[PDB]
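Presented below, as structure tokens, is a lone chain in the form deposited in one PDB entry.
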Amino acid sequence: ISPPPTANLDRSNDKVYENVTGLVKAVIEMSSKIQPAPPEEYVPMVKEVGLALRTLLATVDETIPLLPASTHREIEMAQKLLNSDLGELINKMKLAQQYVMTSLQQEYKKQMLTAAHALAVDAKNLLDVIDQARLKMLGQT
């Protein structure tokens, strides 16, 4: 995963976009940091991801009303998905701190990374839905 491409839309005051970039950067940050890190360090990293995720979700809540009825369904479903994904991520994080300095620690991290990476893929996916819904509204041929 890179931070997201920019397609044809102007992103200067694109909040959805800014926030998705935030949440994506935060996942990447955590990932590069994990394997060497004690719990004193990895719990806050995961806190950060949740914050960036809440920020994104409120931004989105505000944008729905401005986009066509036809599109609302998916945008909500794709929202659920990201709450779910974070659910999964916290699970694996509690398991890894439950299992520190044991042998099974590190498969517990491999499961954190797996879930963090779905979170970021699904963020990027939300972006696309939103963009497509805008393009519709702005009147794309």
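Just count from 1 along the sequence shown to find any residue number.
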115-123 or 8-16, whichever carries the higher mean Cα B-factor: 8-16
Could you check which stretch, 89-97 or 36-44, carries the larger mean CA temperature factor in the entry? 36-44
Sort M77, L51, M30, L57 by C-alpha B-factor from the entry and give me just the highest. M77
Of the three thirds of the chain ranked by Cα temperature factor, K110 occupies the middle
Place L81 in the lowest, middle or highest third of its chain's C-alpha B-factors, as listed in the PDB entry. middle
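Quick note: we don't show the form solved in complex with a partner chain, though the next part is all about it.
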One rigid part holds both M101 and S84 between this form and the one not shown: yes
